[PDB]
């Protein structure tokens, strides 16, 4: 019986995929007649690449795409090379190219996607075993009965609203500006300034030439006084004042494909799950767009929740399972909101930025804060907490537990392999890196866990257990072994067959 997703944005597309690949029905609604043209995001950080790699959604959208190597906290530099294991630079695949990869993958799996469809209301069952939901369409109002409802519908989520869920947060300034694309003149070399510049008050402009003709525009201006223009469709010459004030120069590039005023607000819903309803992505948290974190956490919420919903659809999910979704992702929600606000504080207000910058100068000389911030801003981090009653804590400096593996090559049967492609089935993975296949395969979970035998791998333990979202749930590099291994599968994977 169906599961309803609202929003064909990055969070909803991925989650519908996550579901359908596990043979669970999923209907995905969206107001847009077609895939939207206003996908502002351009970047994807390493953390999000690993999650796409886990579904084979990233080979291909690497290629031709160029990468940038720094990872910055405001304009300060983080020492990303201090993160454990080999990782990835941020890649420059447009959000629209990624939404389509997710669209045409969603339906190939079997997603009932409905463009031009808005959810306008929903009601829990007095039983509680379902949620009746109503949908406005060109054809008129339908009323579908679903088994779980997930609102991936952005900052103004009605799913979040009608569910009773508070949207906590606060801002001390309002950043605002415009984002979009403008034509160029072509055959002749283009001129002007366009590299991301700052002014002495925190104001930023960036011309990003996507491709010979087309260049994306972003500006960001700080002030307490409420935005002038109420966040709509803009016009090209609201924009050209925009740059002239900030740049000094004039725009001089005709026509504007799509443009969008925006304003920021920092929010993080206090509950990610109420009963049978869930919220995810910008529906659950929103903030100034830095480091690709909004797209990072959106994809990450879906991956987290998808396999967990399927698990209880097929009746093996421990009672704990779906509550762990709120636990692990409200933490990532909190850490994202937090660090982006901390980055703003180094730009505005200028009396505050002055001392916070020096402050961060002092912290960034410490290796733990460089590594902590780097895992956070690239969505490698929030390590989902891993612990089991009774079992001895793994000694001390273990940074594999509750994280996804570095981008390391696995050598198995035939064909070397990225570690994250072992999760493309959708199941758990027990990694055996002995080189001879010695580990005891606890067969009772073989329906939900795949074993993969391979040669040992530098600074990685002899064997590892992965949840279907890729988080390392067990390994034997520390004190752990087969006994701790079992209680780890009882958790996260339920009762053995």
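Numbering follows the first chain given and starts at 1.
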{"query": "Mean Cα B-factor comparison, 419-427 or 112-120, giving the higher one as deposited", "finding": "112-120"}
{"query": "Mean Cα B-factor comparison, 152-160 or 139-147, giving the higher one as deposited", "finding": "139-147"}
{"query": "Deposited CA B-factor, highest of 86, 232, 177, 402", "finding": "232"}
{"query": "301, 187, 282, 221, ranked by C-alpha B-factor: the highest one", "finding": "187"}
{"query": "Residue 54 - which third its CA temperature factor falls in, relative to the rest of the chain", "finding": "lowest"}
{"query": "Where the record places residue 205 (Cα B-factor, split into thirds across the chain)", "finding": "middle"}
{"query": "Residue 170 by Cα B-factor - lowest, middle or highest third of the modelled chain", "finding": "middle"}
{"query": "Record-listed C-alpha B factor of residue 99: chain third", "finding": "middle"}
{"query": "Lowest, middle or highest third - CA B-factor, residue 409", "finding": "middle"}
